[PDB]
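Each chain, written out:
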Amino acid sequence: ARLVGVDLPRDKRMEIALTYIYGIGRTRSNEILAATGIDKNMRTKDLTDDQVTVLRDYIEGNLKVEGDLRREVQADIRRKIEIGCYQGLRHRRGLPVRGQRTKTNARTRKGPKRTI
Amino acid sequence: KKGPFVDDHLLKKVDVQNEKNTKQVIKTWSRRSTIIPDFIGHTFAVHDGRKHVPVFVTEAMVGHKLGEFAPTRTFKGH
Amino acid sequence: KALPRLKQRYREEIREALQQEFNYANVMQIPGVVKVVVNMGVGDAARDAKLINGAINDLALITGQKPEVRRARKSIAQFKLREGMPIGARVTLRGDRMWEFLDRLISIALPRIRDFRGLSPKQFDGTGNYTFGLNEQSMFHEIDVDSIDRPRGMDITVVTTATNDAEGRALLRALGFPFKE
Amino acid sequence: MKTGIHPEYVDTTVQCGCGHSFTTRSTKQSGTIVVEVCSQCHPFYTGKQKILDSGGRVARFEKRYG
RNA sequence: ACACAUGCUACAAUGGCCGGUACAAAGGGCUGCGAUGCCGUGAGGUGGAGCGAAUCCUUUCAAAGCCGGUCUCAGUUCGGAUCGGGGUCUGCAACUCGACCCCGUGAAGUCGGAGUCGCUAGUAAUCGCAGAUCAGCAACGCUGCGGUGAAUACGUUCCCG
Ligand SMILES: [Mg+2]
Ligand SMILES: [Mg+2]
């Protein structure tokens, strides 16, 4: 079925279905669905109308509904940006967050291998 | 999964060291790992191929090998 | 209600707090919010004449007023502009319409400033006037996420009758303006 | 104010997740608005957690073990 | 960051995902393959019946295809590179430097222009195999190598020998 605006799979384990979102991981999805009662075995195609309502109501208590996580993370980062902690100016200029490689590796955050 | 390489070459040395309870630099080409707590309290000599940099030891330090602190190169920007 | 919740709590709590903290030795000398102005910024002009109307509509449903547009006061060569072209909008609020806007802001928008971690208290002018910039757009629950087409940020500032900066700092502290040191 | 160049106005009840409720004026014609933050600064806890999240020397040591 | 090459992964409805599911062709084992079951979501770990073997071990031993649920033609649930972190593996040694599962970030590429190359009978494709070379893995290129199964044919004028 449809959700509050995010697209989910149809026959993937609920854990991976909810983890496909950019802001939710596997352990996060597991521990969030456990409290609501949606076991990781049942799929997304066999859910009920109330199973989505309860999920939405619970992902507002501890975690945040998809749109709410969207209106959390980016300005979380933007606040910690300068003059905030050093991690802010590390993330702004596209610098290794936790001190990853710069030249020999870590091309994922630096960009594509431009044909220069 | 806390059973990685034991580093016997350093284990024997730290054993003979704690048998006397001293804090001295263990002169050996040990650049493999310091996983077991028996390595805490003592100092060793990192052998990355070029030189060594001394550091202090304590108990809350668990999680890496002995050579992955500073690579064979140095990061200065310019 | 006769008076908004924000003004109702202010007139007594913040007034008495400011008085007891810095007794000015005379009534009507306590700093009080004068007016709050939101400036919707543009500058992609000369390349698209619809983003200005889009930003006007954005300011609409965010401030209960008709945003007034500002025209280019001077033509620039480096930055493509032209005298008389509409560049930027603004909405000024005061009285009940300012108090309601400020309370809705502090209660939803600031919490809606994505996972608000705080604000820098150094953003204060020499006469106790605060300013803060919303980066992308629509930090309120009035504009729909799907209707949002592209990020058109803005700035929001509050001007009061504060002689010094510490006065405005204490006023905002008494208010629901969280600061970080 | 002018005649009708501005949007309409009506009472508005803003209900949060933890159960808190506010009453104020706004432009939403629905009269009710669901929000995700109540009258409590979760910013405070977020900052209290992320000020601890920092630390690079402690991390290097915590990994060093030796 | 490259000029290039026998040339994987892919570009999707003749495709993908998961739970379940039958055959056989058919090498090797003395400092090794290694099962019922207990440990795990996974590389693996304490252990070891069997074993100089048409037995036991790679399990009674895969899949294309096969009967069911679905995505509805798109940089996506196909595609996995790279990256942070649990790490596993054999190695006194996996850090500059090997192989692997998993939590997450998720890139060029929408069947590739001028051109070039394999192929008439179980031939080239569409699912497969690895021993020794290693204690350890690049092994997806090799030395040996099973299965299902079509297309076309006026002649050496034409390029090459
Ligand atoms: Mg709340
Ligand atoms: Mg060898």
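Residues numbered from 1 in each chain as written, not as in the entry; some residues may be left out. Chains lettered and ligands numbered in written order. Part of a larger assembly, values for the part shown. Heavy atoms only, no water.

In terms of determination method and resolution, the entry is listed under cryo-EM at 3.24 Å.

(A) Representation of the overall build of chain B within the structure. The number of helices and strands found in chain B is one helix and two strands. Counting helices and strands in the order they occur from the N terminus, chain B gives α-β-β. When burial is assessed residue by residue, chain B has 31% of its 78 residues classed as buried. In chain B, the share of contacts with a sequence separation of at least 24, taken over all contacts with a separation of at least 6, comes to 44%. When the accessible surface of chain B is summed, it comes to about 5800 Å², and 59% of that surface belongs to carbon and sulfur atoms. One way to put it: in chain B the 14 positive side-chain charges average out to a point 9 Å from where the 8 negative ones average out. (Helix = DSSP H or I, 4+ residues; strand = E, 2+ residues; numbered from the N terminus. Buried < 20%, exposed > 50% of the residue type's maximum accessible area, 1.4 Å probe, protein only. Contact = heavy atoms within 4.5 Å. Areas by Shrake-Rupley, 256 points an atom, 1.4 Å probe, with all protein chains shown as cover. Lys, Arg positive; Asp, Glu negative; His and termini not counted. Charge placed at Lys NZ, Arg CZ, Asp CG, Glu CD.)

(B) Here's a closer look at the pattern of salt bridges. Following the criterion strictly, the structure yields 18 salt bridges over all chains and no others. Ionic pairing is found between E100(C) and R104(C), a salt bridge with its closest N-O pair at 2.5 Å. Within this pair, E100(C) and its partner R104(C) are both found in helix α3 (residues 96–112), separated by four residues, close to a single helical turn. For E181(C), the salt bridge is made with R173(C), and the minimal N-O distance between the two is 2.7 Å. Salt bridges here are not isolated pairs; linked through shared partners, they connect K64(A), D68(A), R71(A) and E36(D). (Salt bridge = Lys/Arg side-chain N within 4 Å of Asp/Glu carboxyl O.)

(C) Representation of the protein's contact with RNA strand E in the model. Close to RNA strand E lie 32 residues, the nearest being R10(A), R26(A), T108(A), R109(A) and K65(B). Counted by atom, the contact set of RNA strand E within 4 Å of the protein is 75% sugar and phosphate. Taking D11(A), its side chain carries an N or O atom lying 2.7 Å from a base nitrogen of RNA strand E. Backbone polar atom of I116(A) to a sugar or linking oxygen of RNA strand E: 3.2 Å apart, as the coordinates give it. Here the element with the most residues in the surface near RNA strand E is helix α6 (residues 107–110) of chain A; it accounts for three residues. (Near = heavy atom within 4 Å. Polar contact = N/O pair within 3.5 Å; in protein donor to acceptor, adjacent residues only side chain to side chain.)

(D) Here's a closer look at the interface of chain D and chain A. Counting residues at the interface gives six residues for chain D, matched by seven residues for chain A. Contact with chain A buries area across many residues of chain D, yet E36(D), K50(D) and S54(D) alone supply 65% of it, more than any other trio. Inspection of the region where chain D meets chain A yields two salt bridges. The partner of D76(A) in a salt bridge is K50(D), and the shortest N-O contact between them spans 3.8 Å. The interface formed by chain D and chain A includes zero residue pairs in polar contact. Tallied by class, the residues present in the side of chain D that touches chain A amount to two nonpolar, two polar and two charged. (Buried area = accessible area lost by both parts, 1.4 Å probe. Nonpolar A, V, L, I, M, F, W, Y, C, P; charged D, E, K, R; others polar.)

(E) How the structure looks around the interface of chain C and chain D. The partner chain D presents 21 residues to the 19 residues of chain C that form the contact. Together, the buried faces of chain C and chain D total about 1800 Å²; carbon and sulfur atoms form 62% of this surface. The tally of links between chain C and chain D comes to six residue pairs in polar contact. Among the elements that take part in the side of chain C that touches chain D, α3(C) stands out by supplying seven residues, more than any other. Tallied by class, the residues present in the side of chain C that touches chain D amount to five nonpolar, four polar and 10 charged.

(F) Fine view of the nonpolar core. All names here are of chain C. Core analysis: the largest hydrophobic core is formed by 46 residues, its most contacted members being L105, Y130, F132 and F177. Elements with a minimum of two residues in this core: α1 (5–21), β1 (33–40), α2 (51–59), β3 (86–93), α3, β4 (129–134), β5 (154–160) and α4 (165–174). The contacts of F177, once residues within four sequence positions are left out, are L102, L105, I106, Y130, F132 and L172. (Core = buried A, V, L, I, M, F, W, Y, C linked by side-chain atoms within 4.5 Å.)

(G) Layout of the sheet that holds strand β2 (residues 21–26) of chain D. Ordered in space as β2-β1-β3 (chain D), the three strands form an open sheet in which the pairing is mixed. In the strand order of this sheet, the two ends are held by β2 and β3 (32–34) of chain D, each with one partner. On average, each strand axis in the sheet is tilted by 30° relative to the strand beside it, whichever way the strands run. When strand β1 (residues 10–15) of chain D meets β2(D), the two strands line up antiparallel, connected through six bridges. Bridging from a neighbouring strand, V14(D) pairs with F22(D) of β2(D). Across the sheet, α3(C) touches β1 and β2 of chain D, and the angle it forms with β2(D) is around 135°. (Pairing = 2+ DSSP bridges. Axes fitted to C-alpha atoms, helices over the stretch in contact; angles between N-to-C directions.)

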